[PDB]
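A lone chain, given as structure tokens: the form deposited in one PDB entry.
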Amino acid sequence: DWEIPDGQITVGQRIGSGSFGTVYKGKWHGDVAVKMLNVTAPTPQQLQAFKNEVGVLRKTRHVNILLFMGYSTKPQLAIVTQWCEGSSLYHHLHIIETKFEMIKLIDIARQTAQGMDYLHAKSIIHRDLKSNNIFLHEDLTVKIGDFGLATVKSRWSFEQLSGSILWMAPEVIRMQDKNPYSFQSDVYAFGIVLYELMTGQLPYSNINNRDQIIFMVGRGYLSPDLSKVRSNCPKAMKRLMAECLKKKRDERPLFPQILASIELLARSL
């Protein structure tokens, strides 16, 4: 099974922490990432939140999904994943401002679409897809993860997630539908990731008020500016972006179509 016996993991450098967990770099048959719960004696809800996450990760076996490696219960409840040298797509695009070639931007898009197509086939709705959750292993291979460390009521069980408003579909901002999170809300988030790749920027860079952005997207008054895409961005890519970013969720394509469209436009370059 996937349970790792006590004393096998060497916990190293602390990377970060939030209200729910703390991530460390470690050693277990090579470099690993270790995410521990902040409490040693968890409540029935905290333990259920932990088991829910292990439950989703253990269903994944795909090169574009962060490789789950096992979990521990002793001395603490922890999740073990592969350790990746590299940086998140967010870090590359918006912090160090890496200038990838169009061919590589399309390659990153194709790889993300593969991982998302895989998750949706396993009935997993991510609910927090964004460039921060796309890791570039050796600055080349996409590893989709969920790197948030904050307490979330029913994360892998539902309720609205915050701090990722730029990637939030209009119906996710509103919270008026019977089921606001869907494969289509993940597709909208993916449409924002495509915008980040093709422009090198975060949407709505010219609006300095976050509350106004939330209000406007939800009302359907604001959409990303597609004329900001790089001069050599293929027309088929700009077309795909507009379909993913549709205000009405029913008008959005699903990942089998998205992946087929990227595979086809990557051939024509």
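What we label the rigid core is the largest C-alpha set whose atoms superpose within 1.5 Å from one form to the other. Residue numbers here begin at 1 and follow the sequence given.
There is another form of the same protein, the form solved in complex with a partner chain; it is not shown, and what comes next is about it.
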With a 4.5 Å heavy atom cut-off, would you call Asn209 a contact of the partner chain in the deposited complex? yes
Does at least one non-hydrogen atom of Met102 fall within 4.5 angstroms of the partner chain in the deposited complex? no
Contact label in the deposited complex: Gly218 to the partner chain, heavy atom within 4.5 Å: yes
Heavy atoms within 4.5 Å of the partner chain in the deposited complex: does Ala150 have any? no
Give a yes or no on whether each residue among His126, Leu226 and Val229 has a heavy atom within 4.5 Å of the partner chain in the deposited complex. no
Sole member of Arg239, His29, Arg219, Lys228 with a C-alpha shift of at least 2 Å between the shown form and the other one (core-superposed): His29
Taking the rigid core as the frame, does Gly148 move its C-alpha by 2 Å or more between the shown form and the other one? yes
Superposing on the rigid core, is the Cα displacement of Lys248 between the shown form and the other one 2 Å or more? no
With both forms fitted on the core, check whether the Cα of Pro203 differs by 2 Å or more between the shown form and the other one. no
Knowing the shift is 3 Å or more, I'd like to know if the C-alpha atoms of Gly145 and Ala49 are closer or farther apart in the deposited complex than in the shown chain. farther
Out of closer and farther, which fits the Cα atoms of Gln45 and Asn132 in the deposited complex compared with this form, where the change is 3 Å or more? farther
